Amino acid sequence: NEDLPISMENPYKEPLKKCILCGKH
Amino acid sequence: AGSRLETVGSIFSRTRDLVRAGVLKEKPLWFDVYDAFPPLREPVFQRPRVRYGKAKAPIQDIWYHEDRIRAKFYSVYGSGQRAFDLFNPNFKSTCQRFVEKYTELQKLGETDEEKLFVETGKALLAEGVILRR
Amino acid sequence: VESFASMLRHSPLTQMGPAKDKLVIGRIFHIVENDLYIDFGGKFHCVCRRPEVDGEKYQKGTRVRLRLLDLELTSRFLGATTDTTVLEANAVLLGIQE
Amino acid sequence: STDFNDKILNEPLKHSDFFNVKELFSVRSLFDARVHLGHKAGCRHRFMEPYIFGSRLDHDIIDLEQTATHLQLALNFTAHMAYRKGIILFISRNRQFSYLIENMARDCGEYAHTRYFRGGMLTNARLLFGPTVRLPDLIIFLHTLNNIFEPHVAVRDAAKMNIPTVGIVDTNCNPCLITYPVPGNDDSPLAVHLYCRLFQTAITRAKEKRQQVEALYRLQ
Amino acid sequence: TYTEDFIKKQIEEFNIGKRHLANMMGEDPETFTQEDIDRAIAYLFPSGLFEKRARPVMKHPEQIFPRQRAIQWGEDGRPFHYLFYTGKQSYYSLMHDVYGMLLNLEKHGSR
Amino acid sequence: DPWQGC
Amino acid sequence: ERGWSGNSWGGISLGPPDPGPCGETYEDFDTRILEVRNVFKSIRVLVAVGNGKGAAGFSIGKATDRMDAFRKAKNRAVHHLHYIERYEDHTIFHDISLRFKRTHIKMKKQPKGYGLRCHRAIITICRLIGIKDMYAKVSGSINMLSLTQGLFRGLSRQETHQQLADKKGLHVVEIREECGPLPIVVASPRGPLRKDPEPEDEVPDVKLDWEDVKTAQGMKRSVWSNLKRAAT
Ligand SMILES: [Mg+2]
Ligand SMILES: [Mg+2]
């Protein structure tokens with residue numbers, strides 16, 4: 001059955017936000 | 001009268017045993033009905049345990065492919081200004097229209113997620129659906 | 001014959017995704033002074049305070065706009081192995097639906 | 001009395017669905033009644049896991065394919081007990097539906113107990129009601145939990161008194177001692193109304209069938 | 001304790017005694033009433049005792065023996081009232097009625 | 001108490 | 001007749017249970033006193049009942065007077081009856097090793113004519129149940145209530161041959177040395193029969209008791225084992 005659910009990571013998860021200074025020396 | 005040891009066996013097994021043993025003169029009114037049409041599981045008391053260590057519950061999470069699309073939609077165009085009507089069994093949200101159109105593009109063309117997203121947005125604007133980023 | 005999996009996949013509640021900050025339509029089905037019990041299609045109703053603006057139109061059977069925050073309010077307390085539920089959804093009453 | 005027994009009480013036990021309860025519901029109707037909506041995963045009871053289709057954004061979904069078969073069995077048992085003129089007692093401590101359940105019990109000619117359950121109602125019935133009191137032959141729980149989210153004492157007491165129980169069990173309920181559990185939502189008014197309708201219809205149909213069968217037996 | 005046959009017999013004894021008292025007092029037995037019974041018993045058996053209960057009395061048996069023993073189920077054992085198993089069938093029936101009226105209205109020098 | 005009396 | 005000793009309440013019969021308020025009679029049931037204790041005064045009595053055909057139970061009764069305690073215990077015991085399965089209506093289906101609290105009980109199925117070589121309380125309860133051939137050893141704390149609870153628990157959780165046949169979907173075949181190599185089928189599955197044989201475990205990983213192995217090898221030397229005794 002193609003209507004069955006599939007194993008998956010939470011697609012609605014909001015990624016952790018980067019801080020103002022990350023990537024800067 | 002029957003045994004009051006509710007934690008030993010089930011009402012069926014206790015009644016049957018006491019009837020065959022001669023303690024109960026006649027079967028109760030429900031006994032024949034239970035015998036003809038038993039339940040799927042015999043109702044035996046069991047103490048619920050806690051799961052420790054690497055024991056995880058076997059319940060899965062209900063995900064679908066289109067959920068990914070939905071996430072992107074709800075992250076780019078946000079929640080639609082029009083409201084959800086969950087009473088209507090065939091309600092069709094803006095995100096659901098985006099999902100269906102995206103699926104049509106995918107089945108009628110190539111597989112490039114960003115290209116599918118932008119082309120779906122273009123076609124939805126063409127149909128006359130307002131979509132603010 | 002439509003199986004349960006198809007129904008669940010195509011259900012509006014399933015399509016809604018996360019319920020946080022989602023605009024839904026509710027119906028007032030019970031009133032207790034200025035407390036309105038609204039059903040929006042979920043498992044639990046939500047109890048909303050009658051607005052101070054245009055409060056008279058909020059009557060039984062009235063259609064309202066809601067911003068869902070949580071479908072069921074629960075929380076695990078210290079020394080508890082299971083969540084404690086209040087059997088009620090969390091939502092914000094925005095107004096009447098024209 | 002042998003012919004009467006054979007033709008009246010033993011004939012219905014020879015058929016898989018004597019009262020045609022399969023036509024009272026379908027998976028579609030149960031879905032429309034929101035019977036599949038369970039509690040969140042944090043409130044899940046372990047013994048309810050085999051009845052749960054999955055968790056949708058942390059909300060348990062009850063597998064309605066299993067609910068259909070369990071409801072079939074429970075309705076069949078209820079109809080057969082009503083055909084045999086057994087005393088059926090409905091029990092529920094959810095105050096939102098007390099009036100509905102009491103009206104339904106009065107309507108189908110059966111009994112209700114939606115009020116505070118005094119200790120010993122079943123296990124001490126001879127002291128509380130009288131030495132010749134007759135106890136229920138079947139007890140139906142529209143809600144198996146009391147207001148402190150622990151099991152209704154009547155579940156254990158009916159198990160002690162060897163009275164079969166039918167029950168609606170949500171994802172946070174304990175179905176171990178219910179004879180004919182029916183996994184499903186017990187909170188939504190639509191679902192509770194559907195359950196009340198189904199059980200009332202089954203009981204009245206079984207009683208009418210009993211009357212018709214006895215009338216045919218006497219006439220013919 | 002007072003059995004039902006016992007009280008039955010007291011009922012026929014009271015009725016026959018009522019007819020006899022009507023005979024004694026010259027009144028028509030058909031219309032002879034309980035106030036007439038009290039008056040005639042007061043005349044025939046005068047008593048100046050201050051306690052009204054201590055004075056001679058000829059009542060219907062139902063007025064003498066309490067017998068507050070109501071049957072709540074038939075021969076098949078089925079209770080008559082659908083709220084029997086609550087143990088307070090009358091009180092909870094009344095509460096059910098009041099709640100029904102409150103629901104209907106919601107849809108729409110004394111003590 | 002929304003279910004007063006029950 | 002006396003109990004386990006001249007001055008002991010244990011083992012004494014109390015007669016049949018009284019006819020119950022439900023209206024059942026119990027003339028086929030016998031009651032036995034297992035323990036009497038002074039509670040500091042009241043009396044707590046542990047009694048057991050049984051019809052000798054697998055239906056048996058036990059109960060505690062507390063009362064200021066001994067006879068009231070006896071009556072309470074007996075009447076409550078008749079309403080908490082276990083049914084105990086018996087192999088050929090004389091013994092248990094298999095060996096049962098159990099531990100209830102700090103009391104350990106080993107029970108061994110025995111052939112006909114072996115008799116009841118058990119703790120005296122176990123002998124009384126077995127006579128009430130209808131078990132006639134069994135061996136039993138009680139270790140740890142000899143606590144009468146724990147002994148009774150463990151005995152009833154283990155005897156109520158024994159798997160019959162039919163249960164094993166249904167579970168494994170195979171014939172349960174009995175081999176008796178007195179019957180030679182003849183195979184006796186004692187139980188067959190009610191459903192279909194598995195066509196693949198059980199794995200022939202070259203060495204099973206069972207938990208053995210040093211007591212049994214020591215007796216089997218002849219290294220047991222106890223002067224108290226296998227003493228001549230009256231028929232039980
Ligand atoms: Mg619930
Ligand atoms: Mg002596």
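Chain letters run A, B, ... following the sequence lines, proteins first and then strands; every chain starts at 1. Indexing begins at 1, ligand by ligand and atom by atom, following the structure's order.
Distances from the Mg ion (ligand 1) to the N/O/S atoms of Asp186(D) are shortest for OD1. Atom OD2 is the N/O/S atom of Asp187(D) found closest to the Mg ion (ligand 1). Closest approach between the Mg ion (ligand 1) and any N/O/S atom of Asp170(D) involves OD2.
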What side-chain donor-acceptor pairs closer than 3.5 Å can you find for residues 72-83 of chain C, not counting sequence neighbours?
{"from": "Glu72(C)", "atom 1": "OE1", "to": "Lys40(D)", "atom 2": "N", "distance (Å)": "3.2"}
{"from": "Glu72(C)", "atom 1": "OE2", "to": "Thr85(C)", "atom 2": "OG1", "distance (Å)": "2.5"}
{"from": "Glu72(C)", "atom 1": "OE2", "to": "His39(D)", "atom 2": "ND1", "distance (Å)": "3.1"}
{"from": "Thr74(C)", "atom 1": "OG1", "to": "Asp83(C)", "atom 2": "OD2", "distance (Å)": "3.3"}
{"from": "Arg76(C)", "atom 1": "NE", "to": "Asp83(C)", "atom 2": "OD1", "distance (Å)": "2.8"}
{"from": "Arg76(C)", "atom 1": "NH1", "to": "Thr81(C)", "atom 2": "O", "distance (Å)": "3.0"}
{"from": "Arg76(C)", "atom 1": "NH2", "to": "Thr81(C)", "atom 2": "O", "distance (Å)": "3.3"}
{"from": "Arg76(C)", "atom 1": "NH2", "to": "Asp83(C)", "atom 2": "OD1", "distance (Å)": "3.4"}
{"from": "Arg76(C)", "atom 1": "NH2", "to": "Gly42(D)", "atom 2": "O", "distance (Å)": "2.8"}
{"from": "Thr82(C)", "atom 1": "OG1", "to": "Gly42(D)", "atom 2": "O", "distance (Å)": "3.4"}

For a ring-ring contact (aromatic ring centres under 6.0 Å, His included) check, start with the C-alpha distance between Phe90(D) and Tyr111(D), then their side-chain angles and the critical distance, and finish with the verdict. CA-CA 6 Å; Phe90(D) 295 92; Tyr111(D) 305 85; 9.7 Å; no
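For the salt bridge (charged side-chain N to carboxylate O under 4.0 Å, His left out) condition, the pairs that include at least one residue of residues 163-191 of chain D, sequence neighbours left out, are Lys43(C)-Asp170(D), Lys43(C)-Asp187(D).
Put simply, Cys173(D) stays out of reach of the Mg ion (ligand 1), with no N, O or S atom under 2.8 Å from it.
Using a distance-only test at 3.5 Å, with no hydrogens or angles considered, a donor-acceptor pair links the side chain of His70(D) to the main chain of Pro181(D).
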